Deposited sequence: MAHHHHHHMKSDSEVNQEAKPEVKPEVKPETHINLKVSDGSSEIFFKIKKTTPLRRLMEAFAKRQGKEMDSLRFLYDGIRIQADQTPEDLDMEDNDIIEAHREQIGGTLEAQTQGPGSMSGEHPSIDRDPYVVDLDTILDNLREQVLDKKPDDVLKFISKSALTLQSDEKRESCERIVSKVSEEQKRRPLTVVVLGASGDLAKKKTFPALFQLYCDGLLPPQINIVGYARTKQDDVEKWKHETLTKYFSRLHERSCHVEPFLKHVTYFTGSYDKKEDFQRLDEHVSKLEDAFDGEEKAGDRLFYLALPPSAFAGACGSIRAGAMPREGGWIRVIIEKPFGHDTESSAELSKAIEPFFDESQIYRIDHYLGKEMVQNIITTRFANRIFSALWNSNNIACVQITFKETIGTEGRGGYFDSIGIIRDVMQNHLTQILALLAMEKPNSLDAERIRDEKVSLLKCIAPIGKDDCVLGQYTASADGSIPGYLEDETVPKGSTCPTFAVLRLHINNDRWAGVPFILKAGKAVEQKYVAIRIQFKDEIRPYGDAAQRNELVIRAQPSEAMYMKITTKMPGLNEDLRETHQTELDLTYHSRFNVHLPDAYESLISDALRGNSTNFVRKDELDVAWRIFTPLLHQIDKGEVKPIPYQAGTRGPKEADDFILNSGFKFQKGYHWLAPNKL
């Protein structure tokens, strides 16, 4: 076993803390949210007497059969389960009724009153593990009957997706505005909780080596790639209305892009970083249909993976893409002329999430005896960072032009990091309202053209790389194979 060492600041031990997880009976709350809160407790990042309240429409048995079922690190951290569950309560009610939250306010005040300490005006964090259509209703009820006492703050975590295009996303944002302002809203794009995504800023802005290189004077091409070997796996009916671009590219990969391309913030203040992400996204023209290649996977030739259209849930004649390569143009002084390629595909040759920065040739004096340097940042399956460079061939050579390619190799759930950040008031890794709308406007005209059938995906066998047209598209964009 191990001892719990509190890493929490004293400033956070001043007031009671209540974390209300709406939808506590739903899959996300019990598969992601509560398991994360448990790991946070074991990491010593929750204040000592936090109150965690599960909230669902549907108690000590429930805490031990359904919640712990999805916990992890049990062969090493099983000694802390009961002390953690001592912090968990269950509250039954609806998600959209004012009086059900007045009851919660009394129930939470009952837990707030039990804090060891004089201050009873506790801080309150609401995690809406709810379907998106319930966000506005819950936010309205919380505001009307569950605000904190004087002194304590309130924060509301909501997760993507907020809409499926500019219109739908903007309407949800407008519905929540009357109830909470941006300093109180914490929108989750869970890629921002990944270690490699958070390390982009430090890599870029703490090191002169990377700072001096990170512009169009030296970079030829940037690629951000998501690959998976699996398909839709029967649930193609849910994927058919989403598509690969909305599922991974408009949200996740575009967040990676914003961090990869933004200007340096003068400080590490949360809003200064989000200011620079927004400022970059505003430099990006809408993606036209000439800057994309779409694909839709068929049977794997081995029979292992069936075709996408072979799922009975998928409407026949579907134009839904399971593969997409997109080229974006960033119109500013750092990036003018540099192609940015977003690639994402299901049922391709390997499982892989990575960034590839291709540098310009050093044309002289080596010419063909050199190759473009690259920086690769890989997140999945295995984390890695390395530089590809040209070095002389080891051993006895006849001339300096004998070279080879070699590498300089670098030697916690996402919700844990984001929930911890929310508790501290750090919104760096959360999507701001204006950021959400700019990103939607980059992709929405293409998404509308696709839905109207103007862009027909190219068939490719499951397990291959994707349409051959996509590889030629990438080469004609300025990437060298």
- Missing C-alpha runs, given along the deposited sequence, first residue counted as 1: 1-173, 232-235, 589-597, 668-679
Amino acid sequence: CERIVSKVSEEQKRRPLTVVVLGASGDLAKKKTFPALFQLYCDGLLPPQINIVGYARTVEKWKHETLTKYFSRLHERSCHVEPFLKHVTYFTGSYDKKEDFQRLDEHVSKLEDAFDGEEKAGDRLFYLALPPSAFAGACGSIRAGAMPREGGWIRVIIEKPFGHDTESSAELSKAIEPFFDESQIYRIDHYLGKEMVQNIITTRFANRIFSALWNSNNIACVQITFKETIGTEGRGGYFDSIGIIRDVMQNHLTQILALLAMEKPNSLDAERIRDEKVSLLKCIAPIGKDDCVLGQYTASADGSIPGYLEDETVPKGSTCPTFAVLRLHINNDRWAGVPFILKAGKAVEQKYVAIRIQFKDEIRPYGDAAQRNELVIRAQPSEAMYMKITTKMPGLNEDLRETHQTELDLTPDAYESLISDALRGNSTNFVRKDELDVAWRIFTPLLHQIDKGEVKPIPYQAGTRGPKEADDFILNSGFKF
From here on, numbers count along this sequence of modelled residues.
- Higher average CA B factor in the deposited record is what I'm after, so tell me if that's 30-38 or 432-440. 30-38
- Task: For the higher mean C-alpha B factor in the entry, choose 173-181 or 268-276.
- Result: 173-181
- Task: Going by the CA temperature factor in the entry, name the top one among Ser417, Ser427, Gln449, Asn51.
- Result: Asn51
- Query: For the listed residues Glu402, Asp116, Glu195, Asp189, which one has the largest C-alpha B-factor as given in the deposited model?
  - Reply: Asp116
- Third of the chain's Cα B-factor distribution that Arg155 belongs to, per the entry: middle
- By the entry's values, the third containing the CA B factor of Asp290 is the middle
- Relative C-alpha B-factor of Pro306, binned into the chain's lowest, middle or highest third: highest
- CA B-factor placement of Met385, once the chain's modelled residues are sorted into thirds: middle
- Message: Ranking the modelled residues of this chain by C-alpha B-factor as given in the entry, is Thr92 in the lowest, middle or highest third?
- Response: highest
